[PDB]
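**Q** final.txt (compact mmCIF, C-alpha atoms and all ligand atoms) pasted underneath:
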```
# COMPACT_ATOMS: atom_id res chain seq x y z
CA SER J 1 17.94 1.29 6.88
CA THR J 2 15.61 -0.90 8.91
CA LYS J 3 15.96 -4.69 8.92
CA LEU J 4 12.94 -4.88 6.62
CA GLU J 5 14.52 -2.43 4.20
CA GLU J 6 17.83 -4.36 4.20
CA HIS J 7 15.99 -7.56 3.36
CA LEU J 8 14.04 -5.85 0.59
CA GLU J 9 17.32 -4.40 -0.76
CA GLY J 10 18.66 -7.93 -1.06
CA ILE J 11 15.53 -9.21 -2.81
CA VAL J 12 15.52 -6.27 -5.25
CA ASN J 13 19.11 -6.99 -6.12
CA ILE J 14 18.46 -10.73 -6.74
CA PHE J 15 15.42 -9.98 -8.89
CA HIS J 16 17.49 -7.61 -11.06
CA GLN J 17 20.32 -10.19 -11.49
CA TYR J 18 17.67 -12.17 -13.41
CA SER J 19 15.72 -9.31 -15.06
CA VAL J 20 18.79 -7.70 -16.66
CA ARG J 21 19.69 -10.87 -18.55
CA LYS J 22 17.36 -10.24 -21.54
CA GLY J 23 15.14 -7.50 -22.92
CA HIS J 24 13.90 -4.80 -20.56
CA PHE J 25 16.23 -4.58 -17.65
CA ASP J 26 13.59 -4.77 -14.88
CA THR J 27 11.12 -7.35 -16.16
CA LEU J 28 11.60 -11.00 -16.93
CA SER J 29 9.55 -13.50 -18.88
CA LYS J 30 7.32 -15.98 -17.05
CA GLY J 31 9.66 -18.68 -18.45
CA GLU J 32 12.58 -16.93 -16.76
CA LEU J 33 10.54 -16.55 -13.55
CA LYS J 34 10.04 -20.29 -13.50
CA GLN J 35 13.83 -20.81 -13.58
CA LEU J 36 14.38 -18.16 -10.86
CA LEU J 37 11.84 -19.77 -8.51
CA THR J 38 13.17 -23.22 -9.22
CA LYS J 39 16.68 -22.27 -8.10
CA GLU J 40 16.19 -19.45 -5.60
CA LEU J 41 13.24 -21.10 -3.77
CA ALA J 42 14.56 -24.66 -4.04
CA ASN J 43 14.26 -25.40 -0.31
CA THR J 44 10.91 -23.60 0.09
CA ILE J 45 9.52 -25.63 -2.86
CA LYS J 46 10.76 -28.92 -1.37
CA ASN J 47 9.03 -27.83 1.89
CA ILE J 48 5.62 -27.56 0.15
CA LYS J 49 3.75 -30.73 1.04
CA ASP J 50 0.86 -30.17 -1.48
CA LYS J 51 2.68 -30.43 -4.80
CA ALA J 52 -0.31 -29.24 -6.87
CA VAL J 53 0.48 -25.70 -5.70
CA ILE J 54 3.74 -25.28 -7.64
CA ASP J 55 2.31 -27.54 -10.41
CA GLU J 56 -0.40 -24.89 -10.87
CA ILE J 57 1.98 -21.91 -10.59
CA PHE J 58 4.41 -23.42 -13.13
CA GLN J 59 1.59 -24.51 -15.46
CA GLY J 60 0.48 -20.86 -15.49
CA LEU J 61 4.02 -19.64 -16.16
CA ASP J 62 4.31 -22.20 -18.99
CA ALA J 63 0.99 -21.09 -20.49
CA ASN J 64 2.45 -17.56 -20.99
CA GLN J 65 6.16 -18.14 -20.91
CA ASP J 66 6.96 -15.04 -23.02
CA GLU J 67 4.79 -12.62 -21.00
CA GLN J 68 6.77 -10.10 -19.00
CA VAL J 69 6.44 -9.74 -15.26
CA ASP J 70 7.73 -7.06 -12.92
CA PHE J 71 8.99 -7.02 -9.37
CA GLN J 72 5.51 -6.66 -7.92
CA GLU J 73 4.24 -9.81 -9.72
CA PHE J 74 7.47 -11.73 -8.82
CA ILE J 75 7.09 -10.96 -5.12
CA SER J 76 3.36 -11.84 -5.26
CA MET J 77 4.20 -15.25 -6.67
CA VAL J 78 6.99 -15.75 -4.11
CA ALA J 79 4.41 -14.95 -1.36
CA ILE J 80 2.09 -17.70 -2.70
CA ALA J 81 4.89 -20.27 -2.60
CA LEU J 82 5.89 -19.12 0.90
CA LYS J 83 2.42 -19.56 2.25
CA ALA J 84 2.17 -23.05 0.69
CA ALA J 85 5.42 -23.94 2.49
CA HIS J 86 4.03 -22.77 5.88
CA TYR J 87 6.76 -20.09 5.58
CA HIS J 88 9.51 -22.75 5.78
CA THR J 89 12.46 -21.40 3.74
CA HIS J 90 15.14 -23.69 5.28
CA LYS J 91 16.38 -27.10 3.98
CA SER V 1 18.81 -21.64 2.33
CA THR V 2 19.49 -19.41 -0.64
CA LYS V 3 20.11 -15.68 -0.10
CA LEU V 4 16.54 -15.00 -1.36
CA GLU V 5 15.19 -17.47 1.21
CA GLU V 6 17.20 -15.84 4.06
CA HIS V 7 15.77 -12.48 3.14
CA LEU V 8 12.23 -13.84 2.90
CA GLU V 9 12.62 -15.48 6.32
CA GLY V 10 13.54 -12.09 7.76
CA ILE V 11 10.47 -10.46 6.21
CA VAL V 12 8.16 -13.23 7.43
CA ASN V 13 9.42 -12.80 10.93
CA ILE V 14 8.98 -9.03 10.94
CA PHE V 15 5.39 -9.30 9.61
CA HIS V 16 4.46 -11.72 12.40
CA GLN V 17 6.04 -9.53 15.06
CA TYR V 18 3.28 -7.09 14.10
CA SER V 19 0.46 -9.51 13.42
CA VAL V 20 0.77 -11.28 16.82
CA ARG V 21 0.10 -7.99 18.72
CA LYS V 22 -3.73 -7.89 18.52
CA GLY V 23 -6.62 -10.14 17.43
CA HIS V 24 -5.82 -12.94 14.99
CA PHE V 25 -2.16 -14.03 15.21
CA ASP V 26 -1.42 -13.86 11.48
CA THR V 27 -3.34 -10.81 10.27
CA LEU V 28 -3.30 -7.13 11.17
CA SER V 29 -5.70 -4.26 10.70
CA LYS V 30 -5.10 -1.76 7.94
CA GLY V 31 -4.55 0.84 10.71
CA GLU V 32 -1.77 -1.37 12.15
CA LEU V 33 -0.32 -1.87 8.65
CA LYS V 34 -0.09 1.93 8.29
CA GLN V 35 1.99 2.02 11.51
CA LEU V 36 4.14 -0.90 10.28
CA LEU V 37 4.89 0.81 6.96
CA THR V 38 5.50 4.22 8.54
CA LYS V 39 8.14 2.74 10.83
CA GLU V 40 9.71 -0.14 8.89
CA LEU V 41 9.75 1.62 5.51
CA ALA V 42 10.65 5.03 6.83
CA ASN V 43 13.60 5.60 4.51
CA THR V 44 11.87 4.09 1.48
CA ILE V 45 8.92 6.45 2.06
CA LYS V 46 11.21 9.47 2.28
CA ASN V 47 12.70 8.24 -1.02
CA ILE V 48 9.36 8.42 -2.87
CA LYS V 49 9.39 11.64 -4.98
CA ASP V 50 5.64 11.55 -5.75
CA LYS V 51 4.06 12.06 -2.28
CA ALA V 52 0.59 11.48 -3.77
CA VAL V 53 1.53 7.78 -3.93
CA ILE V 54 1.94 7.24 -0.14
CA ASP V 55 -0.83 9.69 0.69
CA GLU V 56 -3.01 7.51 -1.57
CA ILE V 57 -1.89 4.18 0.00
CA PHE V 58 -2.46 5.72 3.42
CA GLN V 59 -5.85 7.08 2.36
CA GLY V 60 -6.93 3.52 1.65
CA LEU V 61 -5.58 2.30 4.99
CA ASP V 62 -7.38 5.10 6.88
CA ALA V 63 -10.60 4.60 4.89
CA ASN V 64 -10.82 0.91 5.85
CA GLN V 65 -8.68 0.92 9.01
CA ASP V 66 -10.39 -2.02 10.74
CA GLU V 67 -10.11 -4.40 7.75
CA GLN V 68 -7.72 -7.30 8.36
CA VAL V 69 -4.85 -7.99 5.99
CA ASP V 70 -2.65 -11.09 5.70
CA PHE V 71 0.99 -11.59 4.78
CA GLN V 72 0.18 -11.69 1.01
CA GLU V 73 -1.48 -8.32 1.18
CA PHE V 74 1.29 -6.82 3.30
CA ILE V 75 3.76 -7.95 0.62
CA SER V 76 1.70 -6.33 -2.10
CA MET V 77 1.60 -3.01 -0.27
CA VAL V 78 5.34 -3.06 0.43
CA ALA V 79 5.96 -3.76 -3.30
CA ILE V 80 3.87 -0.70 -4.31
CA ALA V 81 5.80 1.62 -1.97
CA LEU V 82 9.12 0.11 -3.06
CA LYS V 83 8.33 0.67 -6.76
CA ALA V 84 7.35 4.27 -6.11
CA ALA V 85 10.78 4.78 -4.42
CA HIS V 86 12.44 3.27 -7.57
CA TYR V 87 13.43 0.40 -5.26
CA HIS V 88 15.56 2.58 -3.00
CA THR V 89 15.35 1.52 0.66
CA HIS V 90 18.57 3.21 1.90
CA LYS V 91 18.81 6.64 3.62
NA NA J 101 14.60 -8.66 -18.64
NA NA J 102 -3.25 -9.62 14.55
```
How does the structure come out when it is put into structure tokens?
Ligand code: NA
Ligand code: NA
**A**
Amino acid sequence: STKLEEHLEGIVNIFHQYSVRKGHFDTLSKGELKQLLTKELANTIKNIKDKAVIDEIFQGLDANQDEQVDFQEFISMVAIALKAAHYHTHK
Amino acid sequence: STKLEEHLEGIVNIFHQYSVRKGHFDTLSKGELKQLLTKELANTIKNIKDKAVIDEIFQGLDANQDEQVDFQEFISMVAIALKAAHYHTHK
């Protein structure tokens, strides 16, 4: 595989470690997504200087905590958080 | 960093290796994105059973080949191809 594909493989696997926990095996609730981001992007989130960004994301997840989201929506949200962090994923 | 963060770091770096080549440092043309995907997702693409999916993504990139796309959009496109491959990125 390419480097990109190896990285994606790893992300796919992590997403599914969360999505299999309840209900349909490859979606998770917005409530569950909030937990995932909180733990798995802990350093990225601390690196976001404007705290309204995750405030807003999490407020949206809270507003529809039982709505299901797929990999594509997960990675979209991750990309938002990444950009807000200036792409800083390190402690 | 978490394992998710390490993987995301890798992906950020690869995107920017492409975006720095021409024009604006953090975007690339849809034509350049087609090259990026063709090379860096080569195995994933071969893994897509429905060839109308990548033909269609590529149609859009050819149609609007001079439009600039950012990291968020790159991620979105990668997610579409990945889904179509049932998340298989290995040869
Ligand atoms: Na689930
Ligand atoms: Na560029």
**Q** Pull out every residue of chain V that has at least one atom within 12 Å of chain J, counting all atoms listed in the file, and report them as JSON, numbers by chain.
**A** {"V": [1, 2, 3, 4, 5, 6, 7, 8, 9, 10, 11, 12, 13, 14, 15, 16, 17, 26, 36, 37, 38, 39, 40, 41, 42, 43, 44, 45, 46, 47, 70, 71, 72, 73, 74, 75, 76, 77, 78, 79, 80, 81, 82, 83, 84, 85, 86, 87, 88, 89, 90, 91]}
**Q** Please extract the residues at most 9 Å from ligand NA 101 (chain J), counting all atoms listed in the file, and provide them as a ChimeraX atom specification, using the chain letters and residue numbers of this document.
**A** /J:16,18-29,32,68-69
**Q** Just to be explicit: take each residue in the selection above, keep C-alpha atoms, and write the result as an mmCIF file, keeping the file's coordinate frame.
**A**
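Writing the result to again20.cif gives the following:
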```cif
data_model
loop_
_atom_site.group_PDB
_atom_site.id
_atom_site.type_symbol
_atom_site.label_atom_id
_atom_site.label_comp_id
_atom_site.auth_asym_id
_atom_site.auth_seq_id
_atom_site.Cartn_x
_atom_site.Cartn_y
_atom_site.Cartn_z
ATOM 1 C CA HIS J 16 17.490 -7.610 -11.060
ATOM 2 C CA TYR J 18 17.670 -12.170 -13.410
ATOM 3 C CA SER J 19 15.720 -9.310 -15.060
ATOM 4 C CA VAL J 20 18.790 -7.700 -16.660
ATOM 5 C CA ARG J 21 19.690 -10.870 -18.550
ATOM 6 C CA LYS J 22 17.360 -10.240 -21.540
ATOM 7 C CA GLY J 23 15.140 -7.500 -22.920
ATOM 8 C CA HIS J 24 13.900 -4.800 -20.560
ATOM 9 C CA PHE J 25 16.230 -4.580 -17.650
ATOM 10 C CA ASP J 26 13.590 -4.770 -14.880
ATOM 11 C CA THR J 27 11.120 -7.350 -16.160
ATOM 12 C CA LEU J 28 11.600 -11.000 -16.930
ATOM 13 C CA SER J 29 9.550 -13.500 -18.880
ATOM 14 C CA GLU J 32 12.580 -16.930 -16.760
ATOM 15 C CA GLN J 68 6.770 -10.100 -19.000
ATOM 16 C CA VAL J 69 6.440 -9.740 -15.260
#
```
**Q** Might you pull out every residue within 12 Å of residue 60 in chain J, with only C-alpha atoms counted and same-chain residues fewer than 5 positions away left off, and present them as an NGL selection string?
**A** :J and (30-31 or 33-34 or 53-55 or 65-67 or 77)
**Q** Could you tell me how far CA of residue 48 in chain V lies from CA of residue 63 in chain V, in Å and to one decimal?
**A**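 Going from CA of residue 48 in chain V over to CA of residue 63 in chain V, I get 21.8 Å.
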